[PDB]
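Notes to accompany the following structure.
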Amino acid sequence: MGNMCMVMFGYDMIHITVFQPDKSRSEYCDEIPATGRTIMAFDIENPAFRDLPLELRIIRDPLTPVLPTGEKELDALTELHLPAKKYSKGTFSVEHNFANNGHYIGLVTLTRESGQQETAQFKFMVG
Amino acid sequence: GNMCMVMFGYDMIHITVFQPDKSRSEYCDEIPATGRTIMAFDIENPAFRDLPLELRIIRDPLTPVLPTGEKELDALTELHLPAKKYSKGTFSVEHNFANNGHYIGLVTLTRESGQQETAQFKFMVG
Ligand SMILES: [Cu+]
């Protein structure tokens with residue numbers, strides 16, 4: 001559908017759609033108006049990424065210049081965590097009840113099969 | 001915002017969409033209803049502020065090759081802003097989308113090499 005809402009790896013993008021079925025039939029991007037049941041759908045644009053491990057961690061935004069990299073520190077901030085896996089169909093959804101308004105960051109980590117890791121951030125807010 | 005944008009290579013123009021008569025929410029490439037809509041543009045790269053920028057929003061013909069002929073683009077056109085420099089880096093346009101359907105925003109930048117680059121943002125109404 002749309003091509004505007006995204007997280008980026010260079011030229012390769014992952015399109016994101018957000019909806020909140022308990023509140024509305026509308027679709028959102030980085031300004032999510034309500035607390036509650038939230039579904040985030042990911043559509044990987046580059047077919048080659050379907051064979052690449054992809055991890056998602058959504059954290060409360062600590063508003064620090066540098067994001068924590070330690071797993072214990074990241075865990076303290078974590079709203080939701082999906083371990084790395086290959087998405088062969090190129091698409092997936094996550095559902096979460098956001099009980100609290102605030103700023104959040106979705107951290108998408110790709111593992112190149114050079115074994116190198118790249119992380120991209122999509123920043124959004126709830127409420 | 002940080003997620004909603006049209007791309008020129010690695011460069012971005014961030015886009016926010018509102019419908020003030022309907023809701024206090026902000027949208028991106030899915031506009032929920034027909035009617036009064038405001039699209040706000042924020043040009044991230046300072047060098048792009050000195051570049052002529054043209055905007056044409058068309059109904060999406062859903063074909064692999066987009067018409068380039070002026071009559072054909074005009075037949076599909078919802079709104080057209082002639083090329084202009086946005087020195088402040090931001091601007092908004094207001095339009096009443098009367099019809100549900102798929103749309104394409106054609107953004108044309110004129111490099112100071114004088115060559116033109118177009119990017120497309122795709123969205124839908126309803
Ligand atoms: Cu982008």
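Residues are named by chain letter and number: chains run A, B, ... in the order of the structure tokens, numbers start at 1 in each chain, and ligands are numbered from 1 in the order shown.
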
Test item: residues no farther than 10 Å from ligand 1, counting only C-alpha atoms and all ligand atoms, as a compact mmCIF listing (two decimals) with N, CA and C atoms, in the first residue's frame:
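What ended up in selection.txt:
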```
# COMPACT_ATOMS: atom_id res chain seq x y z
N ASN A 3 3.97 3.83 0.95
CA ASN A 3 5.42 3.68 1.10
C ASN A 3 6.09 4.67 2.04
N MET A 4 5.33 5.33 2.91
CA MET A 4 5.90 6.50 3.60
C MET A 4 6.37 6.23 5.02
N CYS A 5 5.77 5.26 5.69
CA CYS A 5 6.08 4.98 7.08
C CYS A 5 7.12 3.87 7.15
N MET A 6 8.33 4.15 7.65
CA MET A 6 9.40 3.16 7.47
C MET A 6 10.48 3.18 8.53
N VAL A 7 11.20 2.07 8.63
CA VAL A 7 12.49 2.04 9.30
C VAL A 7 13.53 1.73 8.20
N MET A 8 14.72 2.32 8.28
CA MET A 8 15.65 2.26 7.15
C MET A 8 16.99 1.57 7.39
N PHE A 9 17.43 0.78 6.41
CA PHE A 9 18.80 0.31 6.35
C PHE A 9 19.41 0.76 5.04
N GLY A 10 19.96 1.96 4.99
CA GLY A 10 20.49 2.47 3.74
C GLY A 10 19.34 2.66 2.77
N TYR A 11 19.39 2.01 1.62
CA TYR A 11 18.28 2.11 0.67
C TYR A 11 17.20 1.11 0.98
N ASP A 12 17.51 0.12 1.81
CA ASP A 12 16.54 -0.93 2.06
C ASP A 12 15.63 -0.52 3.21
N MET A 13 14.31 -0.57 2.98
CA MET A 13 13.36 -0.06 3.97
C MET A 13 12.49 -1.20 4.44
N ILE A 14 11.95 -1.04 5.64
CA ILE A 14 10.89 -1.91 6.12
C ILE A 14 9.68 -1.02 6.36
N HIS A 15 8.59 -1.28 5.66
CA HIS A 15 7.41 -0.45 5.81
C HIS A 15 6.66 -0.90 7.06
N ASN B 2 9.69 10.98 12.64
CA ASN B 2 10.94 10.37 12.24
C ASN B 2 10.66 9.18 11.33
N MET B 3 9.40 8.77 11.25
CA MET B 3 9.12 7.56 10.50
C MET B 3 8.43 7.83 9.18
N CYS B 4 7.73 8.96 9.08
CA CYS B 4 6.92 9.24 7.89
C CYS B 4 7.64 10.20 6.93
N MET B 5 7.94 9.75 5.72
CA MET B 5 8.80 10.53 4.85
C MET B 5 8.69 10.11 3.39
N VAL B 6 9.19 10.98 2.51
CA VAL B 6 9.52 10.59 1.14
C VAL B 6 11.05 10.69 0.98
N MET B 7 11.65 9.77 0.22
CA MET B 7 13.11 9.62 0.15
C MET B 7 13.64 10.15 -1.17
N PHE B 8 14.78 10.83 -1.10
CA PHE B 8 15.62 11.13 -2.26
C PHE B 8 16.97 10.50 -2.00
N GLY B 9 17.12 9.23 -2.37
CA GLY B 9 18.34 8.51 -2.03
C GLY B 9 18.36 8.33 -0.52
N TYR B 10 19.40 8.82 0.14
CA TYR B 10 19.51 8.77 1.60
C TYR B 10 18.81 9.96 2.27
N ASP B 11 18.49 10.98 1.47
CA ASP B 11 17.88 12.22 1.97
C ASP B 11 16.38 12.09 2.12
N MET B 12 15.82 12.75 3.13
CA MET B 12 14.39 12.65 3.41
C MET B 12 13.67 14.00 3.51
N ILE B 13 12.38 13.98 3.18
CA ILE B 13 11.47 15.05 3.55
C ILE B 13 10.42 14.41 4.46
N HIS B 14 10.32 14.86 5.71
CA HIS B 14 9.33 14.26 6.60
C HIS B 14 7.96 14.84 6.33
```

Could you give me, as a ChimeraX atom specification, the residues within 10 Å of residue B:57, counting only C-alpha atoms and dropping anything in the same chain fewer than 3 positions from it? /B:60,73,76-81,103-107,120-122

Fewer than 3 positions away in the same chain doesn't count, so skip those; otherwise give me all residues within 7 Å of stretch 52-62 of chain A, counting only C-alpha atoms, as a list in words.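 Using only C-alpha atoms, the neighbours found are residues 49, 77, 78, 79, 80, 81, 82, 83, 84, 85, 86, 103, 104, 105, 106, 107, 108, 109, 110, 111 and 112 of chain A.
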
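Nearest to chain A of all the residues B:18, B:97, B:41, B:27 is B:27, counting only C-alpha atoms.
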
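As for atom CA of residue B:30 and atom CA of residue A:32, they are spaced 13.2 Å apart.
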
List the neighbours of residue A:47 out to 10 Å using only C-alpha atoms; skip same-chain residues closer than 3 positions along the sequence, and give me the result as number ranges by chain. A: 12, 44, 50-52, 88-90

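Among the candidates B:29, B:1, B:20, B:98, the one nearest to residue A:18 when counting only C-alpha atoms is B:29.
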
So how far away is atom CA of residue A:28 from atom CA of residue A:1, in Å? 13.3 Å

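The smallest atom-to-atom distance between residue A:46 and any of A:25, A:125, A:68, A:87, using only C-alpha atoms, is found for A:87.
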
With DSSP run on the backbone, what are the alpha helix (DSSP H) residues within chain A? I'd like them as JSON, numbers by chain. {"A": [71, 72, 73, 74, 75, 76]}

Pull N, CA, C and O atoms from the residues just selected and write them as a PDB file, in the first residue's frame.
```pdb
ATOM      1  N   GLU A  71      22.805  -5.604  27.517  1.00  0.00           N
ATOM      2  CA  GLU A  71      21.540  -6.331  27.403  1.00  0.00           C
ATOM      3  C   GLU A  71      20.720  -6.178  28.698  1.00  0.00           C
ATOM      4  O   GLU A  71      19.490  -6.166  28.668  1.00  0.00           O
ATOM      5  N   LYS A  72      21.406  -6.068  29.832  1.00  0.00           N
ATOM      6  CA  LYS A  72      20.719  -5.842  31.097  1.00  0.00           C
ATOM      7  C   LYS A  72      20.070  -4.456  31.127  1.00  0.00           C
ATOM      8  O   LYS A  72      18.961  -4.295  31.641  1.00  0.00           O
ATOM      9  N   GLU A  73      20.782  -3.458  30.607  1.00  0.00           N
ATOM     10  CA  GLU A  73      20.278  -2.086  30.571  1.00  0.00           C
ATOM     11  C   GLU A  73      19.122  -1.985  29.597  1.00  0.00           C
ATOM     12  O   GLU A  73      18.116  -1.333  29.876  1.00  0.00           O
ATOM     13  N   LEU A  74      19.272  -2.622  28.442  1.00  0.00           N
ATOM     14  CA  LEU A  74      18.206  -2.643  27.457  1.00  0.00           C
ATOM     15  C   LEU A  74      16.990  -3.374  28.011  1.00  0.00           C
ATOM     16  O   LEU A  74      15.861  -2.974  27.756  1.00  0.00           O
ATOM     17  N   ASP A  75      17.216  -4.447  28.768  1.00  0.00           N
ATOM     18  CA  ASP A  75      16.099  -5.201  29.339  1.00  0.00           C
ATOM     19  C   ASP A  75      15.261  -4.358  30.316  1.00  0.00           C
ATOM     20  O   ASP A  75      14.029  -4.449  30.334  1.00  0.00           O
ATOM     21  N   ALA A  76      15.934  -3.534  31.115  1.00  0.00           N
ATOM     22  CA  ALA A  76      15.263  -2.641  32.060  1.00  0.00           C
ATOM     23  C   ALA A  76      14.273  -1.704  31.364  1.00  0.00           C
ATOM     24  O   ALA A  76      13.282  -1.269  31.955  1.00  0.00           O
TER      25      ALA A  76
END
```

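Near residue B:125, within 7 Å and counting only C-alpha atoms, sit residues 30, 31, 32, 33, 34, 100, 101 and 102 of chain B, not including residues fewer than 4 positions from it in the same chain.
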
Nearest to residue B:113: which of B:43, B:28, B:51, B:17 is it, counting only C-alpha atoms? B:51

What gap, in Å, lies between atom CA of residue B:37 and atom CA of residue A:30?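 That distance, rounded to one decimal, is 18.1 Å.
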
Check chain B with DSSP on the backbone and list each residue it calls strand (DSSP E or B), as a PyMOL selection string. chain B and resi 4-8+11-18+26-27+30-31+35-43+52-59+77-85+90-97+101-110+116-125

Residue B:90 surroundings by only C-alpha atoms, 12 Å radius, close-in-sequence under 5 positions cut, as a PyMOL selection string: chain B and resi 13-16+39-46+48-49+53+84-85

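Distance check against chain B using only C-alpha atoms: of A:118, A:45, A:95, A:27, the minimum falls on A:27.
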